[PDB]
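Only one chain is given next, in structure tokens, and it is the form deposited in one PDB entry.
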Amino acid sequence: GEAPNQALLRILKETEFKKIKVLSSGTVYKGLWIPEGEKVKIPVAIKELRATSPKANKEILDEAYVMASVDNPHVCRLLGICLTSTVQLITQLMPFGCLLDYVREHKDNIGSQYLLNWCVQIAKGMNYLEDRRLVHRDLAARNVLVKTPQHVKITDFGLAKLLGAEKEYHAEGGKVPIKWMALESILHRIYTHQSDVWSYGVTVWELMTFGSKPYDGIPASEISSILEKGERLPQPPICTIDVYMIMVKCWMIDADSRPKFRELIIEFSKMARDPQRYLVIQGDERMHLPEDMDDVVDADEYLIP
């Protein structure tokens, strides 16, 4: 928090990237980035702001600020921004979309190995963010993207806050995903790396249930009371007690009693060595998961200049 942030913010020319097809409606497109005279085509996601509200541009630049300051295999890579009428945020294309829809659309072919490895990858990304003294505040299955079935990265830094060498972040008001929030956050609007661990717990639960909604019934207004009553999310069927107890620990009320990301890395990694012993899934073994593009290179292989 005293170290100068020397990240580079790259400004890209509009004419250097071609939009191929749309992905959603903010408005994300799927396209290619072709730095002039470099003989490379980089698959890319282009989020172009819709009318420009001085507030909308402020928000997108804050995201670019955060994304530009991170660099880890399990965190989404920012290529740059384009300063056109509408400010476009250009990122690495994550072909398989968000992990939440992915577990839903592929239940029948997702084995224990993939599930446990995702848990390790997300924990590594989160540990890295903690190294950078960055509190995410919106960790969830919807905010993890899939580069390949074997490689996911944390995304959506739209609420991420960089702590000053400051113990916790105190929020204002405004929409927050209460069902993924720690108790001390729903109550006192406090947020820490440990509150992120709580969110990590719910994210794992979403994965172990193949995409179920947490507290699929309860209205957000009640979540707070239920949590005080000492209640938590139910043990997913495929989960041995070893795995569920990790989740449960992430939901302790004493934030410091919850596990540390570096610990989650170790625990899930030991389990990933013998997946069938910690997640019980029917058919687990019998499961398989996945324009001239000669010059195409993934952003992860396209470094600097």
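The numbering used is simple: start at 1 and walk along the sequence shown.
Quick note: we don't show the form deposited with a partner chain bound, though the next part is all about it.
Asker: With the partner left out here, check for me: in the bound PDB entry, does some heavy atom of residue 200 sit within 4.5 Å of its partner chain?
Answerer: No, residue 200 is distant from the partner.
Asker: Applying a 4.5 Å heavy atom distance criterion, does residue 157 contact its partner chain in the bound PDB entry?
Answerer: No.
Asker: Mark residue 192 yes when one of its heavy atoms lies within 4.5 Å of a heavy atom of its partner chain in the bound PDB entry, and no otherwise.
Answerer: It does not: once its partner chain is placed as it appears in the bound PDB entry, residue 192 has no heavy atom within 4.5 Å of it.
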